[PDB]
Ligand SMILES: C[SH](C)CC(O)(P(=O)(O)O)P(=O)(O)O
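As structure tokens, one chain now follows by itself in the form deposited without this ligand.
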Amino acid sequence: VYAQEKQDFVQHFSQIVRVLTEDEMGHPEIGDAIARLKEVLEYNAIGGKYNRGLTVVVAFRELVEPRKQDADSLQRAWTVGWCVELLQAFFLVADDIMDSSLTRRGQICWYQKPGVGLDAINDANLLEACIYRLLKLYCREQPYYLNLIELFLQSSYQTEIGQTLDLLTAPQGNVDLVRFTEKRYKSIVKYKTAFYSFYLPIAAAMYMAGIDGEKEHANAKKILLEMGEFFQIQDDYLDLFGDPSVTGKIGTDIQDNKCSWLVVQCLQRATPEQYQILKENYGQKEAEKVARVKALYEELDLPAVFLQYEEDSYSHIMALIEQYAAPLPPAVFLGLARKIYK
């Protein structure tokens, strides 16, 4: 469903850019600013998997009657999908600055580019501003206009709350495993990742479909927030125990003192002696010390604890879909679950 649509979705970015840089036509005074906005969009919104944005298009196709899927209805779906990608681009540009990252998707972080620096704070704000410009240009006259504006604003706020919670839990220069609890971990995931990655794209498609009822959204939110929790737990597991060939990424979470699912479980299972070993090696760059944590996790059989959690989670999500999908087609959630699991 995603692999087919990917092409039409990615092809729509050129229109998105044209429409956003068409501001220059009526006002050539701001041309230089608009030229810069084009660079920011082209560097930061391109090069990812587009999964979150594609979820909007896929869910729109499964929620709306095919006879109501005219040229313009699909044009708005592609735009709302691109808005999800612009919300993400805004968060990533800013997160890379805050955590002093070097690369993003194997390429140099926008702020690390010569002549950019802390100016990327304004660039990230412009990416955020584009969402609302696009919603106005494409959805101003639609009955769900306000619903979409509120959903993007609430998604921004939850993610920012999640980011605060995260920054409070793992300060740069503070190696305290006492604040690394399961309850705290689950809260960071819900707010920082699960709302915008899973709930936002389905809820956007739902409003575009005329499904605006609090019950339906509460039901969809219950499935999606649980999918978001597994997604991140899996991401924290794959970070260390995942093969770097298949994943296309190499693990760093231990070196960065992250409130990872792996450390949360380790802390729950470590004896006072085992706690001390983790208290020393966690947060250090050295390949000998990083090897010690991997060995401690392996010793506490966390890959098995994960394998069990994965089976329990899939079972739970299927019961969740069964109980809360109606009146939405279960295939809306089954599509995501197939992609997230294994």
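So that the term is clear: the rigid core is the largest set of C-alpha atoms that superpose within 1.5 Å between two forms. Only residues modelled in both forms are compared. Counting begins at 1, following the sequence as shown.
The same protein has a further form, the form solved in complex with this ligand, not shown here; the description that follows concerns it.
Open item on the list: residue 196 versus this ligand, in the deposited complex: is there a non-hydrogen atom within 4.5 Å?
Closed with: The answer is yes: residue 196 has a heavy atom within 4.5 Å of this ligand.
- [ ] Consider residue 169 of the chain shown here, and say whether it contacts this ligand in the deposited complex, taking contact as heavy atoms within 4.5 Å.
- [x] Flag for residue 169 set to no.
TODO: Tell me, yes or no, whether residue 232 is in contact with this ligand in the deposited complex, where a contact means a heavy atom of each within 4.5 Å.
DONE: Heavy-atom contact with this ligand at 4.5 Å: present for residue 232.
Open item on the list: Can you tell me whether residue 104 touches this ligand? I mean in the deposited complex, with a 4.5 angstroms heavy atom cut-off.
Closed with: Yes, contact at 4.5 Å.
Task: Joint contact, 22, 24 and 133 to this ligand in the deposited complex, by non-hydrogen atom at 4.5 Å - done: No, none of the three is in contact.
Task: Contact segment among 71-79, 135-143, 91-99, 264-272, judged by heavy atoms lying within 4.5 Å of this ligand in the deposited complex - done: So the stretch in question is 91-99.
- [ ] Superpose on the rigid core and name the single residue from 191, 180, 144, 241 whose Cα moves by 2 angstroms or more between this form and the one not shown.
- [x] Between the two forms, the residue that moves is 241.
Task: Rigid core superposed: residue 164 CA moves 2 Å or more between this form and the one not shown - done: Not so; residue 164 is displaced by less than 2 Å.
TODO: Please check if residue 297 moves between this form and the one not shown, taking a CA shift of 2 Å or more relative to the superposed core as movement.
DONE: Residue 297 C-alpha, core-superposed: shift of 2 Å or more.
Open item on the list: After core superposition, I'd like to know whether residue 39 moves between this form and the one not shown (criterion: C-alpha shift of 2 angstroms or more).
Closed with: It does not, since the residue 39 C-alpha is displaced less than 2 Å between this form and the one not shown after the core fit.
Task: Taking the rigid core as reference, consecutive runs of 3 or more residues that move 2 angstroms or more in Cα between this form and the one not shown - done: After superposing the rigid core, the shifted stretches between this form and the one not shown are 234-258, 268-274, 281-312, 338-342.
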